[PDB]
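Heads up, the thing below is written out as structure tokens.
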Amino acid sequence: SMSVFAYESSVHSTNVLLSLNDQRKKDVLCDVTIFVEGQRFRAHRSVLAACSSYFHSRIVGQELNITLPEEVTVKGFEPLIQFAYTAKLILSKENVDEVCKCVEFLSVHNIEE
Amino acid sequence: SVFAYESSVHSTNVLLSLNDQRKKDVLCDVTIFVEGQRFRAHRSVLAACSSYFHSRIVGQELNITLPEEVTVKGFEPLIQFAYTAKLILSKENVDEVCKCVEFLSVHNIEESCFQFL
């Protein structure tokens, strides 16, 4: 019958993000280093720009080194880079104000505040 | 006490953004040559989506020339799949797309739908 068919993968995007996270954790095929409180986080500039307006501004014109200022803490940032790369944001009484602030600062998209 | 949120759309937003960078030619790092046509992409995404690109990328400005088995008619829908999750097949393109999936070893495509067209 069929002249056309639109095949749709329900697993593909989750799989891309998983592979990008695996790249990140193994430090393979990354292209940016973020410095937070003197701690080095490896990442992909495309993914950071996708997930955050702040990173988008600091990346789009441009290896790359980005220093986040003292308002950004590791306790606040670490869960957000994990969100960026996993779709899962784990918050606790301990980290929630630091995370909340760092979402305003980095302008991280798609987080129900 | 803890709240853990899991977005089922988040990975689909990131891929949308990456597709938009790709179309604008912003933040890309590899150029693919197919039939003398130039396709800009992200090496990380091609590696994630294809064993062939993974081998050509992992230890490596990056230029990747696909051989004459790879055609634009076969390739274009697959680079679009890789960045959208949607593969549009037609009686015209389906054999070319199918061969190019075998050649590139593109992940996450149910091969049984080639048979519909």
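Residue numbers start at 1 in each chain; chains themselves are named A, B, ... in the order of the structure tokens; ligands are numbered from 1 in the order shown.
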
Taking only C-alpha atoms into account, produce a table as CSV in which each residue of chain B with an atom at most 9 Å from an atom of chain A appears once, together with its shortest atom pair and the distance in Å to one decimal, ordered by chain and rising number.
residue,atom,partner,partner_atom,distance
B:1,CA,A:92,CA,6.0
B:2,CA,A:92,CA,4.6
B:3,CA,A:91,CA,5.5
B:4,CA,A:90,CA,4.4
B:5,CA,A:89,CA,5.3
B:6,CA,A:88,CA,4.4
B:7,CA,A:87,CA,5.2
B:8,CA,A:87,CA,7.3
B:9,CA,A:87,CA,8.1
B:10,CA,A:87,CA,5.5
B:11,CA,A:13,CA,5.4
B:12,CA,A:13,CA,5.7
B:13,CA,A:50,CA,8.1
B:14,CA,A:50,CA,5.8
B:15,CA,A:13,CA,6.7
B:16,CA,A:50,CA,8.6
B:17,CA,A:50,CA,5.3
B:18,CA,A:46,CA,6.8
B:21,CA,A:46,CA,7.9
B:26,CA,A:60,CA,7.1
B:27,CA,A:46,CA,5.9
B:28,CA,A:46,CA,7.8
B:42,CA,A:46,CA,8.1
B:43,CA,A:29,CA,7.6
B:44,CA,A:29,CA,6.0
B:45,CA,A:16,CA,7.0
B:47,CA,A:19,CA,8.7
B:48,CA,A:19,CA,5.6
B:49,CA,A:16,CA,7.0
B:57,CA,A:29,CA,8.4
B:58,CA,A:29,CA,6.9
B:59,CA,A:29,CA,8.7
B:81,CA,A:8,CA,8.6
B:82,CA,A:12,CA,7.9
B:83,CA,A:13,CA,8.5
B:84,CA,A:13,CA,8.1
B:85,CA,A:9,CA,5.5
B:86,CA,A:8,CA,4.6
B:87,CA,A:7,CA,4.9
B:88,CA,A:6,CA,4.4
B:89,CA,A:5,CA,5.1
B:90,CA,A:4,CA,4.4
B:91,CA,A:3,CA,5.6
B:92,CA,A:3,CA,8.5
B:107,CA,A:12,CA,8.1
B:108,CA,A:12,CA,6.0
B:109,CA,A:9,CA,7.0
B:110,CA,A:9,CA,8.3
B:113,CA,A:7,CA,7.4
B:114,CA,A:5,CA,8.7
B:116,CA,A:2,CA,6.0
B:117,CA,A:2,CA,5.2

Please return, as a list in words, all residues of chain A that DSSP assigns to strand (DSSP E) on the basis of the backbone.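 Answer for chain A, restricted to strand (DSSP E): residues 4, 5, 6, 7, 8, 32, 33, 34, 35, 36, 39, 40, 41, 42, 43, 64, 65, 66, 67, 88, 89, 90, 91 and 92 of chain A.
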
Restricting the output to N, CA and C atoms, write the selected residues as a compact mmCIF listing (two decimals), in the first residue's frame.
# COMPACT_ATOMS: atom_id res chain seq x y z
N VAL A 4 4.45 6.25 2.02
CA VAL A 4 5.23 7.04 2.95
C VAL A 4 5.06 6.43 4.32
N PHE A 5 6.08 6.52 5.16
CA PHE A 5 5.94 6.11 6.55
C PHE A 5 6.89 6.87 7.45
N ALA A 6 6.34 7.45 8.51
CA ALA A 6 7.08 8.22 9.47
C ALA A 6 7.34 7.35 10.68
N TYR A 7 8.56 6.86 10.75
CA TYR A 7 9.00 6.03 11.83
C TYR A 7 9.44 6.96 12.99
N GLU A 8 9.01 6.65 14.20
CA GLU A 8 9.28 7.46 15.38
C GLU A 8 9.86 6.60 16.49
N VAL A 32 34.45 21.51 26.43
CA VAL A 32 34.48 22.63 27.37
C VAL A 32 34.77 22.15 28.81
N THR A 33 35.47 22.98 29.58
CA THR A 33 35.71 22.75 31.01
C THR A 33 35.11 23.89 31.81
N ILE A 34 34.18 23.56 32.71
CA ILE A 34 33.55 24.56 33.58
C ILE A 34 34.25 24.52 34.93
N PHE A 35 34.64 25.70 35.42
CA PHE A 35 35.30 25.83 36.71
C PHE A 35 34.30 26.40 37.73
N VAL A 36 33.93 25.58 38.71
CA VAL A 36 33.03 25.97 39.79
C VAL A 36 33.74 25.75 41.13
N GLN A 39 36.65 23.66 40.98
CA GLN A 39 36.44 22.28 40.56
C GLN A 39 36.09 22.20 39.07
N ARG A 40 36.76 21.28 38.38
CA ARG A 40 36.68 21.11 36.94
C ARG A 40 35.57 20.16 36.60
N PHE A 41 34.64 20.63 35.75
CA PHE A 41 33.57 19.82 35.17
C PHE A 41 33.72 19.78 33.65
N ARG A 42 33.94 18.59 33.10
CA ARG A 42 33.97 18.41 31.66
C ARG A 42 32.58 18.32 31.06
N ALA A 43 32.42 18.88 29.85
CA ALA A 43 31.12 18.92 29.19
C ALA A 43 31.21 19.17 27.69
N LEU A 64 37.57 25.43 25.11
CA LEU A 64 36.94 26.56 25.82
C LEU A 64 36.97 26.33 27.34
N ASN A 65 37.27 27.40 28.09
CA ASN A 65 37.25 27.39 29.56
C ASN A 65 36.29 28.44 30.10
N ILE A 66 35.31 27.99 30.89
CA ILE A 66 34.35 28.90 31.50
C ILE A 66 34.45 28.84 33.03
N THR A 67 34.70 29.98 33.64
CA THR A 67 34.72 30.09 35.09
C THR A 67 33.38 30.64 35.54
N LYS A 88 17.03 14.13 35.24
CA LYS A 88 16.62 13.86 36.62
C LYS A 88 17.30 14.84 37.58
N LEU A 89 16.48 15.59 38.31
CA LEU A 89 16.95 16.57 39.26
C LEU A 89 16.65 16.05 40.65
N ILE A 90 17.70 15.75 41.43
CA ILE A 90 17.52 15.28 42.78
C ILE A 90 17.79 16.45 43.71
N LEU A 91 16.75 16.83 44.45
CA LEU A 91 16.83 17.94 45.41
C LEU A 91 16.69 17.41 46.84
N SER A 92 17.31 18.11 47.78
CA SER A 92 17.20 17.77 49.20
C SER A 92 17.15 19.06 50.01

Distance of CA of residue 63 in chain A from CA of residue 56 in chain B, expressed in Å to one decimal place: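 Separation between CA of residue 56 in chain B and CA of residue 63 in chain A: 19.9 Å.
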
Among the residues of range 18-114 of chain B, find those DSSP assigns to helix (DSSP H, G or I) from the backbone and print them as a PyMOL selection string. chain B and resi 18-24+43-49+51-57+72-84+94-104+111-114

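Put simply, CA of residue 113 in chain A is 10.9 Å away from CA of residue 101 in chain A.
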
Residue nearest residue 55 in chain A among A:74, A:99, A:80, A:108 (counting only C-alpha atoms):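 Residue with the minimum atom-to-atom distance to residue 55 in chain A: A:108.
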
Near residue 69 in chain B, within 12 Å and counting only C-alpha atoms, which residues show up once chain neighbours fewer than 6 positions away are dropped, as number ranges by chain? B: 34-35, 75, 95-104

I'd like the neighbourhood of residue 39 in chain B as a ChimeraX atom specification, where a residue qualifies if any of its atoms comes within 9 Å (using only C-alpha atoms), though same-chain residues fewer than 3 positions away should be ignored. /B:22,30-34,76,79

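Minimum distance to residue 69 in chain A across A:105, A:82, A:21, A:26 (counting only C-alpha atoms) occurs at A:105.
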